[PDB]
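Below is run-v7.pdb, which holds PDB, N, CA and C atoms.
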```pdb
ATOM      1  N   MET A   1      15.865 -12.878  -5.163
ATOM      2  CA  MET A   1      16.476 -12.915  -6.522
ATOM      3  C   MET A   1      15.664 -12.032  -7.471
ATOM      4  N   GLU A   2      14.590 -12.548  -8.003
ATOM      5  CA  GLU A   2      13.757 -11.737  -8.935
ATOM      6  C   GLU A   2      12.993 -10.667  -8.145
ATOM      7  N   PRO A   3      12.311 -11.093  -7.110
ATOM      8  CA  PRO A   3      11.543 -10.185  -6.271
ATOM      9  C   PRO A   3      12.403  -8.984  -5.865
ATOM     10  N   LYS A   4      11.943  -7.793  -6.135
ATOM     11  CA  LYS A   4      12.734  -6.587  -5.765
ATOM     12  C   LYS A   4      11.789  -5.445  -5.385
ATOM     13  N   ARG A   5      11.140  -5.552  -4.258
ATOM     14  CA  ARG A   5      10.207  -4.472  -3.827
ATOM     15  C   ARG A   5      10.695  -3.880  -2.501
ATOM     16  N   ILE A   6      10.145  -2.768  -2.096
ATOM     17  CA  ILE A   6      10.584  -2.146  -0.812
ATOM     18  C   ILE A   6      10.040  -2.959   0.365
ATOM     19  N   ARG A   7       8.746  -3.109   0.448
ATOM     20  CA  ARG A   7       8.158  -3.883   1.579
ATOM     21  C   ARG A   7       7.028  -4.776   1.064
ATOM     22  N   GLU A   8       7.253  -6.060   1.003
ATOM     23  CA  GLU A   8       6.185  -6.977   0.515
ATOM     24  C   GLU A   8       5.694  -7.852   1.668
ATOM     25  N   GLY A   9       4.426  -8.144   1.691
ATOM     26  CA  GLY A   9       3.874  -8.992   2.774
ATOM     27  C   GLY A   9       2.507  -9.509   2.338
ATOM     28  N   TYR A  10       1.640  -9.756   3.270
ATOM     29  CA  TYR A  10       0.287 -10.265   2.913
ATOM     30  C   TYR A  10      -0.758  -9.702   3.879
ATOM     31  N   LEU A  11      -1.418  -8.639   3.506
ATOM     32  CA  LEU A  11      -2.462  -8.064   4.406
ATOM     33  C   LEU A  11      -3.812  -8.099   3.692
ATOM     34  N   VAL A  12      -4.884  -7.951   4.418
ATOM     35  CA  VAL A  12      -6.224  -7.973   3.768
ATOM     36  C   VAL A  12      -6.563  -6.566   3.274
ATOM     37  N   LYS A  13      -6.979  -6.449   2.044
ATOM     38  CA  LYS A  13      -7.316  -5.105   1.498
ATOM     39  C   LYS A  13      -8.764  -5.096   1.007
ATOM     40  N   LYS A  14      -9.499  -4.070   1.334
ATOM     41  CA  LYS A  14     -10.915  -3.992   0.887
ATOM     42  C   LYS A  14     -11.004  -3.048  -0.318
ATOM     43  N   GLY A  15     -11.055  -3.585  -1.507
ATOM     44  CA  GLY A  15     -11.140  -2.713  -2.713
ATOM     45  C   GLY A  15     -10.856  -3.539  -3.968
ATOM     46  N   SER A  16     -11.874  -4.103  -4.561
ATOM     47  CA  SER A  16     -11.670  -4.922  -5.790
ATOM     48  C   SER A  16     -12.893  -5.812  -6.013
ATOM     49  N   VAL A  17     -13.420  -6.378  -4.963
ATOM     50  CA  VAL A  17     -14.612  -7.261  -5.108
ATOM     51  C   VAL A  17     -15.873  -6.487  -4.711
ATOM     52  N   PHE A  18     -16.821  -7.144  -4.097
ATOM     53  CA  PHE A  18     -18.072  -6.440  -3.694
ATOM     54  C   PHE A  18     -17.951  -5.958  -2.245
ATOM     55  N   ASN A  19     -17.165  -4.942  -2.014
ATOM     56  CA  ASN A  19     -17.006  -4.416  -0.627
ATOM     57  C   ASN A  19     -16.838  -5.575   0.357
ATOM     58  N   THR A  20     -15.628  -6.010   0.576
ATOM     59  CA  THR A  20     -15.402  -7.130   1.532
ATOM     60  C   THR A  20     -14.059  -6.938   2.234
ATOM     61  N   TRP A  21     -13.542  -7.977   2.831
ATOM     62  CA  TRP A  21     -12.237  -7.860   3.532
ATOM     63  C   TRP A  21     -11.529  -9.212   3.512
ATOM     64  N   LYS A  22     -10.554  -9.370   2.660
ATOM     65  CA  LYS A  22      -9.836 -10.672   2.599
ATOM     66  C   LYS A  22      -8.326 -10.427   2.461
ATOM     67  N   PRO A  23      -7.548 -11.253   3.124
ATOM     68  CA  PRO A  23      -6.096 -11.145   3.081
ATOM     69  C   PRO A  23      -5.621 -11.121   1.625
ATOM     70  N   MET A  24      -4.432 -10.644   1.378
ATOM     71  CA  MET A  24      -3.930 -10.602  -0.023
ATOM     72  C   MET A  24      -2.430 -10.305  -0.030
ATOM     73  N   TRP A  25      -1.791 -10.497  -1.149
ATOM     74  CA  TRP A  25      -0.341 -10.194  -1.228
ATOM     75  C   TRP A  25      -0.183  -8.769  -1.726
ATOM     76  N   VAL A  26       0.755  -8.050  -1.196
ATOM     77  CA  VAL A  26       0.927  -6.646  -1.641
ATOM     78  C   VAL A  26       2.397  -6.241  -1.518
ATOM     79  N   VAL A  27       2.939  -5.627  -2.536
ATOM     80  CA  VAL A  27       4.372  -5.219  -2.487
ATOM     81  C   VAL A  27       4.501  -3.722  -2.767
ATOM     82  N   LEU A  28       4.885  -2.955  -1.784
ATOM     83  CA  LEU A  28       5.044  -1.493  -2.006
ATOM     84  C   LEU A  28       6.413  -1.238  -2.635
ATOM     85  N   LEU A  29       6.440  -0.666  -3.808
ATOM     86  CA  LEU A  29       7.743  -0.402  -4.477
ATOM     87  C   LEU A  29       8.065   1.093  -4.413
ATOM     88  N   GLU A  30       9.282   1.455  -4.714
ATOM     89  CA  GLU A  30       9.674   2.892  -4.666
ATOM     90  C   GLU A  30       9.031   3.644  -5.831
ATOM     91  N   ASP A  31       8.388   2.944  -6.723
ATOM     92  CA  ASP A  31       7.745   3.630  -7.878
ATOM     93  C   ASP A  31       6.233   3.398  -7.833
ATOM     94  N   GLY A  32       5.765   2.650  -6.871
ATOM     95  CA  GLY A  32       4.299   2.390  -6.779
ATOM     96  C   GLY A  32       4.058   1.080  -6.028
ATOM     97  N   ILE A  33       2.987   0.999  -5.288
ATOM     98  CA  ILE A  33       2.700  -0.249  -4.527
ATOM     99  C   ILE A  33       1.719  -1.124  -5.309
ATOM    100  N   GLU A  34       2.202  -2.180  -5.903
ATOM    101  CA  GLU A  34       1.299  -3.085  -6.669
ATOM    102  C   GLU A  34       1.018  -4.322  -5.820
ATOM    103  N   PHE A  35      -0.224  -4.672  -5.635
ATOM    104  CA  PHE A  35      -0.525  -5.862  -4.790
ATOM    105  C   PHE A  35      -1.378  -6.874  -5.556
ATOM    106  N   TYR A  36      -1.185  -8.134  -5.276
ATOM    107  CA  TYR A  36      -1.984  -9.192  -5.954
ATOM    108  C   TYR A  36      -2.671 -10.040  -4.878
ATOM    109  N   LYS A  37      -2.824 -11.315  -5.106
ATOM    110  CA  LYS A  37      -3.474 -12.179  -4.081
ATOM    111  C   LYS A  37      -2.400 -13.013  -3.378
ATOM    112  N   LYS A  38      -1.470 -13.540  -4.126
ATOM    113  CA  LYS A  38      -0.383 -14.358  -3.516
ATOM    114  C   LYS A  38       0.952 -13.646  -3.734
ATOM    115  N   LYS A  39       2.041 -14.230  -3.307
ATOM    116  CA  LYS A  39       3.356 -13.560  -3.517
ATOM    117  C   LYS A  39       3.417 -13.078  -4.966
ATOM    118  N   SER A  40       2.832 -13.822  -5.863
ATOM    119  CA  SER A  40       2.822 -13.399  -7.289
ATOM    120  C   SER A  40       1.659 -14.070  -8.009
ATOM    121  N   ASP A  41       0.456 -13.634  -7.760
ATOM    122  CA  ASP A  41      -0.697 -14.238  -8.476
ATOM    123  C   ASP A  41      -0.408 -14.185  -9.974
ATOM    124  N   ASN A  42       0.535 -13.359 -10.354
ATOM    125  CA  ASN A  42       0.911 -13.197 -11.782
ATOM    126  C   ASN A  42       0.065 -12.066 -12.365
ATOM    127  N   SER A  43      -1.012 -11.737 -11.700
ATOM    128  CA  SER A  43      -1.894 -10.636 -12.177
ATOM    129  C   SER A  43      -2.269  -9.757 -10.975
ATOM    130  N   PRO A  44      -1.851  -8.514 -11.005
ATOM    131  CA  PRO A  44      -2.129  -7.584  -9.918
ATOM    132  C   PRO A  44      -3.621  -7.238  -9.870
ATOM    133  N   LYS A  45      -4.156  -7.064  -8.692
ATOM    134  CA  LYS A  45      -5.600  -6.718  -8.571
ATOM    135  C   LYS A  45      -5.748  -5.197  -8.585
ATOM    136  N   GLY A  46      -4.724  -4.496  -8.184
ATOM    137  CA  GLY A  46      -4.795  -3.010  -8.169
ATOM    138  C   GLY A  46      -3.433  -2.441  -7.766
ATOM    139  N   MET A  47      -3.109  -1.270  -8.238
ATOM    140  CA  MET A  47      -1.799  -0.662  -7.881
ATOM    141  C   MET A  47      -2.031   0.645  -7.128
ATOM    142  N   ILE A  48      -1.008   1.170  -6.520
ATOM    143  CA  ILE A  48      -1.157   2.449  -5.778
ATOM    144  C   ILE A  48      -0.058   3.408  -6.243
ATOM    145  N   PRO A  49      -0.438   4.616  -6.568
ATOM    146  CA  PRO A  49       0.516   5.610  -7.031
ATOM    147  C   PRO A  49       1.422   6.037  -5.874
ATOM    148  N   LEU A  50       2.701   6.132  -6.111
ATOM    149  CA  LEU A  50       3.630   6.534  -5.019
ATOM    150  C   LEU A  50       3.698   8.061  -4.928
ATOM    151  N   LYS A  51       2.595   8.735  -5.122
ATOM    152  CA  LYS A  51       2.612  10.220  -5.044
ATOM    153  C   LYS A  51       1.176  10.751  -5.125
ATOM    154  N   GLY A  52       0.585  11.079  -4.007
ATOM    155  CA  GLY A  52      -0.806  11.613  -4.032
ATOM    156  C   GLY A  52      -1.717  10.763  -3.144
ATOM    157  N   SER A  53      -1.159   9.891  -2.349
ATOM    158  CA  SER A  53      -2.012   9.042  -1.468
ATOM    159  C   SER A  53      -2.083   9.654  -0.071
ATOM    160  N   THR A  54      -3.109   9.331   0.664
ATOM    161  CA  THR A  54      -3.252   9.883   2.036
ATOM    162  C   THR A  54      -3.204   8.730   3.041
ATOM    163  N   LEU A  55      -3.177   9.031   4.305
ATOM    164  CA  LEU A  55      -3.138   7.947   5.324
ATOM    165  C   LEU A  55      -4.145   8.268   6.432
ATOM    166  N   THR A  56      -4.906   7.298   6.859
ATOM    167  CA  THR A  56      -5.903   7.553   7.935
ATOM    168  C   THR A  56      -5.615   6.633   9.124
ATOM    169  N   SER A  57      -5.120   7.183  10.201
ATOM    170  CA  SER A  57      -4.808   6.348  11.395
ATOM    171  C   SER A  57      -5.159   7.125  12.668
ATOM    172  N   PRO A  58      -6.112   6.611  13.405
ATOM    173  CA  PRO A  58      -6.823   5.389  13.043
ATOM    174  C   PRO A  58      -7.578   5.573  11.720
ATOM    175  N   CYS A  59      -8.374   4.608  11.347
ATOM    176  CA  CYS A  59      -9.140   4.719  10.075
ATOM    177  C   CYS A  59     -10.564   5.192  10.380
ATOM    178  N   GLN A  60     -11.525   4.748   9.617
ATOM    179  CA  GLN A  60     -12.931   5.173   9.867
ATOM    180  C   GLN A  60     -13.686   4.048  10.569
ATOM    181  N   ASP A  61     -14.966   3.956  10.345
ATOM    182  CA  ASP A  61     -15.756   2.873  10.990
ATOM    183  C   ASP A  61     -15.682   1.620  10.119
ATOM    184  N   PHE A  62     -14.725   1.563   9.231
ATOM    185  CA  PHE A  62     -14.596   0.368   8.351
ATOM    186  C   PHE A  62     -13.701  -0.669   9.032
ATOM    187  N   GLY A  63     -14.231  -1.385   9.987
ATOM    188  CA  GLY A  63     -13.411  -2.409  10.693
ATOM    189  C   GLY A  63     -12.980  -1.861  12.054
ATOM    190  N   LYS A  64     -12.049  -0.944  12.064
ATOM    191  CA  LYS A  64     -11.583  -0.365  13.356
ATOM    192  C   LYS A  64     -11.418  -1.484  14.386
ATOM    193  N   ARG A  65     -11.099  -2.668  13.940
ATOM    194  CA  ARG A  65     -10.923  -3.802  14.889
ATOM    195  C   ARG A  65      -9.446  -3.922  15.272
ATOM    196  N   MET A  66      -8.738  -4.830  14.667
ATOM    197  CA  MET A  66      -7.294  -4.996  14.998
ATOM    198  C   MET A  66      -6.510  -3.775  14.511
ATOM    199  N   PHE A  67      -5.868  -3.882  13.384
ATOM    200  CA  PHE A  67      -5.081  -2.730  12.860
ATOM    201  C   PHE A  67      -5.466  -2.468  11.402
ATOM    202  N   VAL A  68      -6.484  -1.682  11.184
ATOM    203  CA  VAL A  68      -6.919  -1.387   9.789
ATOM    204  C   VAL A  68      -6.834   0.120   9.532
ATOM    205  N   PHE A  69      -6.007   0.534   8.609
ATOM    206  CA  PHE A  69      -5.901   1.991   8.316
ATOM    207  C   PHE A  69      -6.573   2.287   6.973
ATOM    208  N   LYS A  70      -6.838   3.538   6.698
ATOM    209  CA  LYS A  70      -7.500   3.897   5.412
ATOM    210  C   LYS A  70      -6.634   4.905   4.646
ATOM    211  N   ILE A  71      -6.214   4.549   3.463
ATOM    212  CA  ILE A  71      -5.380   5.479   2.647
ATOM    213  C   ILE A  71      -6.240   6.028   1.507
ATOM    214  N   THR A  72      -5.837   7.118   0.924
ATOM    215  CA  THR A  72      -6.634   7.704  -0.190
ATOM    216  C   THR A  72      -5.695   8.082  -1.330
ATOM    217  N   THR A  73      -5.530   7.211  -2.283
ATOM    218  CA  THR A  73      -4.628   7.526  -3.421
ATOM    219  C   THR A  73      -5.130   8.786  -4.117
ATOM    220  N   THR A  74      -4.241   9.538  -4.698
ATOM    221  CA  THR A  74      -4.654  10.790  -5.394
ATOM    222  C   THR A  74      -5.879  10.527  -6.274
ATOM    223  N   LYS A  75      -6.114   9.298  -6.655
ATOM    224  CA  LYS A  75      -7.300   9.002  -7.509
ATOM    225  C   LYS A  75      -8.532   8.768  -6.626
ATOM    226  N   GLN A  76      -8.581   9.384  -5.475
ATOM    227  CA  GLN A  76      -9.756   9.198  -4.577
ATOM    228  C   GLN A  76     -10.030   7.705  -4.390
ATOM    229  N   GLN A  77      -9.008   6.895  -4.423
ATOM    230  CA  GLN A  77      -9.212   5.430  -4.244
ATOM    231  C   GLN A  77      -8.931   5.052  -2.789
ATOM    232  N   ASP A  78      -9.953   4.945  -1.985
ATOM    233  CA  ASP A  78      -9.740   4.580  -0.556
ATOM    234  C   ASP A  78      -9.095   3.195  -0.474
ATOM    235  N   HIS A  79      -8.357   2.938   0.571
ATOM    236  CA  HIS A  79      -7.704   1.607   0.712
ATOM    237  C   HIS A  79      -7.736   1.182   2.181
ATOM    238  N   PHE A  80      -8.778   0.514   2.590
ATOM    239  CA  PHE A  80      -8.865   0.067   4.009
ATOM    240  C   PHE A  80      -8.264  -1.332   4.127
ATOM    241  N   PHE A  81      -7.056  -1.440   4.606
ATOM    242  CA  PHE A  81      -6.440  -2.790   4.733
ATOM    243  C   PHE A  81      -5.885  -2.969   6.149
ATOM    244  N   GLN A  82      -5.926  -4.170   6.657
ATOM    245  CA  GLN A  82      -5.405  -4.423   8.028
ATOM    246  C   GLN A  82      -4.213  -5.377   7.948
ATOM    247  N   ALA A  83      -3.229  -5.180   8.784
ATOM    248  CA  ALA A  83      -2.038  -6.075   8.758
ATOM    249  C   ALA A  83      -2.272  -7.260   9.699
ATOM    250  N   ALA A  84      -1.236  -7.754  10.324
ATOM    251  CA  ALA A  84      -1.411  -8.910  11.249
ATOM    252  C   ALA A  84      -1.264  -8.440  12.695
ATOM    253  N   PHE A  85      -0.719  -7.276  12.890
ATOM    254  CA  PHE A  85      -0.552  -6.750  14.275
ATOM    255  C   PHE A  85      -0.110  -5.287  14.216
ATOM    256  N   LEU A  86      -0.064  -4.631  15.343
ATOM    257  CA  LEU A  86       0.349  -3.198  15.365
ATOM    258  C   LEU A  86       1.704  -3.033  14.672
ATOM    259  N   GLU A  87       2.669  -3.824  15.041
ATOM    260  CA  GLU A  87       4.016  -3.687  14.424
ATOM    261  C   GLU A  87       3.908  -3.739  12.896
ATOM    262  N   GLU A  88       3.061  -4.585  12.372
ATOM    263  CA  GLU A  88       2.930  -4.682  10.888
ATOM    264  C   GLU A  88       1.973  -3.603  10.375
ATOM    265  N   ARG A  89       1.198  -3.016  11.241
ATOM    266  CA  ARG A  89       0.244  -1.964  10.791
ATOM    267  C   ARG A  89       0.999  -0.658  10.543
ATOM    268  N   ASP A  90       1.850  -0.271  11.451
ATOM    269  CA  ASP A  90       2.614   0.993  11.264
ATOM    270  C   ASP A  90       3.792   0.743  10.322
ATOM    271  N   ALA A  91       4.285  -0.465  10.274
ATOM    272  CA  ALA A  91       5.436  -0.762   9.375
ATOM    273  C   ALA A  91       4.959  -0.801   7.921
ATOM    274  N   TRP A  92       3.764  -1.269   7.688
ATOM    275  CA  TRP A  92       3.249  -1.336   6.291
ATOM    276  C   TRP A  92       2.742   0.041   5.859
ATOM    277  N   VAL A  93       1.945   0.674   6.675
ATOM    278  CA  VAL A  93       1.406   2.013   6.301
ATOM    279  C   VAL A  93       2.534   3.052   6.295
ATOM    280  N   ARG A  94       3.562   2.844   7.071
ATOM    281  CA  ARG A  94       4.683   3.828   7.090
ATOM    282  C   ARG A  94       5.584   3.588   5.876
ATOM    283  N   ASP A  95       5.678   2.366   5.426
ATOM    284  CA  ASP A  95       6.536   2.071   4.244
ATOM    285  C   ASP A  95       5.834   2.556   2.974
ATOM    286  N   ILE A  96       4.543   2.377   2.894
ATOM    287  CA  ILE A  96       3.804   2.831   1.684
ATOM    288  C   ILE A  96       3.718   4.357   1.687
ATOM    289  N   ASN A  97       3.446   4.942   2.822
ATOM    290  CA  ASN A  97       3.353   6.427   2.889
ATOM    291  C   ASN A  97       4.756   7.025   2.776
ATOM    292  N   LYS A  98       5.757   6.293   3.180
ATOM    293  CA  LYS A  98       7.147   6.821   3.089
ATOM    294  C   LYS A  98       7.580   6.839   1.622
ATOM    295  N   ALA A  99       7.335   5.773   0.910
ATOM    296  CA  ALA A  99       7.724   5.733  -0.527
ATOM    297  C   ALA A  99       6.924   6.790  -1.290
ATOM    298  N   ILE A 100       5.685   6.980  -0.927
ATOM    299  CA  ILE A 100       4.849   7.998  -1.622
ATOM    300  C   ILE A 100       5.365   9.395  -1.262
ATOM    301  N   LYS A 101       5.846   9.568  -0.060
ATOM    302  CA  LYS A 101       6.370  10.902   0.348
ATOM    303  C   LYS A 101       7.829  11.030  -0.090
ATOM    304  N   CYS A 102       8.408   9.962  -0.564
ATOM    305  CA  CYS A 102       9.826  10.019  -1.016
ATOM    306  C   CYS A 102       9.858  10.277  -2.522
ATOM    307  N   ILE A 103       8.867   9.806  -3.228
ATOM    308  CA  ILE A 103       8.825  10.024  -4.700
ATOM    309  C   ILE A 103       8.566  11.511  -4.973
ATOM    310  N   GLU A 104       7.892  12.177  -4.077
ATOM    311  CA  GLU A 104       7.609  13.627  -4.281
ATOM    312  C   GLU A 104       8.922  14.412  -4.274
ATOM    313  N   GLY A 105       9.994  13.778  -3.896
ATOM    314  CA  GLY A 105      11.308  14.478  -3.867
ATOM    315  C   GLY A 105      12.357  13.620  -4.574
ATOM    316  N   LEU A 106      11.928  12.592  -5.249
ATOM    317  CA  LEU A 106      12.892  11.709  -5.961
ATOM    318  C   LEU A 106      12.626  11.775  -7.464
ATOM    319  N   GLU A 107      12.785  12.929  -8.043
ATOM    320  CA  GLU A 107      12.547  13.070  -9.507
ATOM    321  C   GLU A 107      13.891  13.108 -10.237
ATOM    322  N   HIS A 108      13.872  13.063 -11.540
ATOM    323  CA  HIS A 108      15.152  13.093 -12.303
ATOM    324  C   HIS A 108      15.198  14.347 -13.178
ATOM    325  N   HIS A 109      15.988  14.328 -14.217
ATOM    326  CA  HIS A 109      16.079  15.520 -15.106
ATOM    327  C   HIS A 109      16.459  16.747 -14.276
ATOM    328  N   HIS A 110      17.729  16.978 -14.088
ATOM    329  CA  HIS A 110      18.161  18.157 -13.286
ATOM    330  C   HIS A 110      18.372  19.356 -14.213
ATOM    331  N   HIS A 111      18.003  20.528 -13.775
ATOM    332  CA  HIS A 111      18.184  21.734 -14.631
ATOM    333  C   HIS A 111      19.073  22.745 -13.905
ATOM    334  N   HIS A 112      20.223  22.322 -13.455
ATOM    335  CA  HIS A 112      21.135  23.258 -12.741
ATOM    336  C   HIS A 112      21.687  24.285 -13.732
ATOM    337  N   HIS A 113      21.906  23.883 -14.954
ATOM    338  CA  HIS A 113      22.443  24.834 -15.968
ATOM    339  C   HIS A 113      21.288  25.627 -16.584
TER     340      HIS A 113
END
```
Kindly present the structure from the file in structure tokens form.
Amino acid sequence: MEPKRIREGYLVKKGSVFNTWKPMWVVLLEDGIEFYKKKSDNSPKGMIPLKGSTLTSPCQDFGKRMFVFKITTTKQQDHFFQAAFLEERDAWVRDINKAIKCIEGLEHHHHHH
């Protein structure tokens, strides 16, 4: 009903506290991926620009355990987060990287004339 995001779920993201790794709620939207702690902590912990982010798969030595990839928002903001399994690892990183690669071609204001 109210909830209207492209791909929302709950994965652990490392970026907000003192360098750690804890599960969290995150919703990638077609205009930006904003994630909080629960389906709606009511206050987002950090957002991701849907244009200028990178993807690292595999990732670096930051976990490299189950399925943890590393993204780099145009603001040099690394994002090492792991899903619950491979299917959710490529489905989450592909949905966030897809929306970011889709906004680069989804602009408005046409100047045909």
From a DSSP pass on the backbone, collect the residues of region 3-101 of chain A flagged as strand (DSSP E or B) and hand them back as a ChimeraX atom specification.
/A:7-14,22-29,32-36,46-49,55-56,68-73,77-82
The PyMOL selection byres (((chain A and resi 82 and name CA) around 8) and name CA) - which residues does that actually catch in the file I just gave you? List them as a PyMOL selection string. chain A and resi 11-13+66-69+80-81+83-84+89
Go through A:94, A:105, A:86, A:73 and flag the residue nearest residue 52 (chain A), using only N, CA and C atoms for the distances.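 Once distances to residue 52 (chain A) are computed over only N, CA and C atoms, the minimum belongs to A:73.
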Taking the file as shown, what set of residues would the PyMOL selection byres ((chain A and resi 72) around 7) give back, as a PDB file with N, CA and C atoms, keeping the file's coordinate frame?
```pdb
ATOM      1  N   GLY A  52       0.585  11.079  -4.007  1.00  0.00           N
ATOM      2  CA  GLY A  52      -0.806  11.613  -4.032  1.00  0.00           C
ATOM      3  C   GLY A  52      -1.717  10.763  -3.144  1.00  0.00           C
ATOM      4  N   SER A  53      -1.159   9.891  -2.349  1.00  0.00           N
ATOM      5  CA  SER A  53      -2.012   9.042  -1.468  1.00  0.00           C
ATOM      6  C   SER A  53      -2.083   9.654  -0.071  1.00  0.00           C
ATOM      7  N   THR A  54      -3.109   9.331   0.664  1.00  0.00           N
ATOM      8  CA  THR A  54      -3.252   9.883   2.036  1.00  0.00           C
ATOM      9  C   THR A  54      -3.204   8.730   3.041  1.00  0.00           C
ATOM     10  N   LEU A  55      -3.177   9.031   4.305  1.00  0.00           N
ATOM     11  CA  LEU A  55      -3.138   7.947   5.324  1.00  0.00           C
ATOM     12  C   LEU A  55      -4.145   8.268   6.432  1.00  0.00           C
ATOM     13  N   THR A  56      -4.906   7.298   6.859  1.00  0.00           N
ATOM     14  CA  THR A  56      -5.903   7.553   7.935  1.00  0.00           C
ATOM     15  C   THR A  56      -5.615   6.633   9.124  1.00  0.00           C
ATOM     16  N   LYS A  70      -6.838   3.538   6.698  1.00  0.00           N
ATOM     17  CA  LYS A  70      -7.500   3.897   5.412  1.00  0.00           C
ATOM     18  C   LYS A  70      -6.634   4.905   4.646  1.00  0.00           C
ATOM     19  N   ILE A  71      -6.214   4.549   3.463  1.00  0.00           N
ATOM     20  CA  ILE A  71      -5.380   5.479   2.647  1.00  0.00           C
ATOM     21  C   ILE A  71      -6.240   6.028   1.507  1.00  0.00           C
ATOM     22  N   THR A  73      -5.530   7.211  -2.283  1.00  0.00           N
ATOM     23  CA  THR A  73      -4.628   7.526  -3.421  1.00  0.00           C
ATOM     24  C   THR A  73      -5.130   8.786  -4.117  1.00  0.00           C
ATOM     25  N   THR A  74      -4.241   9.538  -4.698  1.00  0.00           N
ATOM     26  CA  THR A  74      -4.654  10.790  -5.394  1.00  0.00           C
ATOM     27  C   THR A  74      -5.879  10.527  -6.274  1.00  0.00           C
ATOM     28  N   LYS A  75      -6.114   9.298  -6.655  1.00  0.00           N
ATOM     29  CA  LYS A  75      -7.300   9.002  -7.509  1.00  0.00           C
ATOM     30  C   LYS A  75      -8.532   8.768  -6.626  1.00  0.00           C
ATOM     31  N   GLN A  76      -8.581   9.384  -5.475  1.00  0.00           N
ATOM     32  CA  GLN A  76      -9.756   9.198  -4.577  1.00  0.00           C
ATOM     33  C   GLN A  76     -10.030   7.705  -4.390  1.00  0.00           C
ATOM     34  N   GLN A  77      -9.008   6.895  -4.423  1.00  0.00           N
ATOM     35  CA  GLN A  77      -9.212   5.430  -4.244  1.00  0.00           C
ATOM     36  C   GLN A  77      -8.931   5.052  -2.789  1.00  0.00           C
ATOM     37  N   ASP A  78      -9.953   4.945  -1.985  1.00  0.00           N
ATOM     38  CA  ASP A  78      -9.740   4.580  -0.556  1.00  0.00           C
ATOM     39  C   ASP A  78      -9.095   3.195  -0.474  1.00  0.00           C
ATOM     40  N   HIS A  79      -8.357   2.938   0.571  1.00  0.00           N
ATOM     41  CA  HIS A  79      -7.704   1.607   0.712  1.00  0.00           C
ATOM     42  C   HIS A  79      -7.736   1.182   2.181  1.00  0.00           C
TER      43      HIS A  79
END
```
Q.
I'd like to see the residues matched by the PyMOL selection byres (((chain A and resi 26 and name CA) around 12) and name CA) on this file, and ideally I'd get them as a PyMOL selection string.
A. chain A and resi 5-13+23-25+27-29+32-41+43-48+81-83+92-93+95-96
Atom C of residue 101 (chain A) to atom C of residue 50 (chain A) measures 7.0 Å
Report as AutoDock Vina command-line options the centre and the edge lengths, in Å to one decimal, of the axis-aligned box holding every listed atom of region 60-69 of chain A, padded by 5 Å on each side.
```
--center_x -10.4 --center_y 0.1 --center_z 11.1 --size_x 20.7 --size_y 20.2 --size_z 18.3
```
Please compute the atom C of residue 4 (chain A)-CA of residue 31 (chain A) distance, one decimal, in Å.
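Result for atom C of residue 4 (chain A) versus CA of residue 31 (chain A): 10.2 Å, one decimal.
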* To do: Mind listing the helix (DSSP H, G or I) residues of chain A, per DSSP on the backbone, as a ChimeraX atom specification?
  => /A:86-103
key: Computed interatomic separation between CA of residue 15 (chain A) and CA of residue 97 (chain A) (Å)   =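 So the two atoms, CA of residue 15 (chain A) and CA of residue 97 (chain A), lie 18.0 Å apart.
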Can you complete the atoms of region 31-39 of chain A to N, CA, C and O atoms and list them as a short mmCIF file (atom, residue, chain, number, x, y, z; two decimals), keeping the file's coordinate frame?
```cif
data_model
loop_
_atom_site.label_atom_id
_atom_site.label_comp_id
_atom_site.auth_asym_id
_atom_site.auth_seq_id
_atom_site.Cartn_x
_atom_site.Cartn_y
_atom_site.Cartn_z
N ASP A 31 8.39 2.94 -6.72
CA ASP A 31 7.74 3.63 -7.88
C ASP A 31 6.23 3.40 -7.83
O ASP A 31 5.49 3.89 -8.66
N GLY A 32 5.76 2.65 -6.87
CA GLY A 32 4.30 2.39 -6.78
C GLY A 32 4.06 1.08 -6.03
O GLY A 32 4.84 0.15 -6.12
N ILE A 33 2.99 1.00 -5.29
CA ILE A 33 2.70 -0.25 -4.53
C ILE A 33 1.72 -1.12 -5.31
O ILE A 33 0.54 -0.85 -5.36
N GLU A 34 2.20 -2.18 -5.90
CA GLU A 34 1.30 -3.08 -6.67
C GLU A 34 1.02 -4.32 -5.82
O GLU A 34 1.93 -4.95 -5.31
N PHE A 35 -0.22 -4.67 -5.64
CA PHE A 35 -0.52 -5.86 -4.79
C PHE A 35 -1.38 -6.87 -5.56
O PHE A 35 -2.21 -6.52 -6.37
N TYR A 36 -1.18 -8.13 -5.28
CA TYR A 36 -1.98 -9.19 -5.95
C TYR A 36 -2.67 -10.04 -4.88
O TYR A 36 -3.05 -9.54 -3.84
N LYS A 37 -2.82 -11.32 -5.11
CA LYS A 37 -3.47 -12.18 -4.08
C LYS A 37 -2.40 -13.01 -3.38
O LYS A 37 -2.41 -13.17 -2.17
N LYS A 38 -1.47 -13.54 -4.13
CA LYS A 38 -0.38 -14.36 -3.52
C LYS A 38 0.95 -13.65 -3.73
O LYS A 38 1.00 -12.57 -4.30
N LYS A 39 2.04 -14.23 -3.31
CA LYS A 39 3.36 -13.56 -3.52
C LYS A 39 3.42 -13.08 -4.97
O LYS A 39 3.96 -12.03 -5.26
#
```
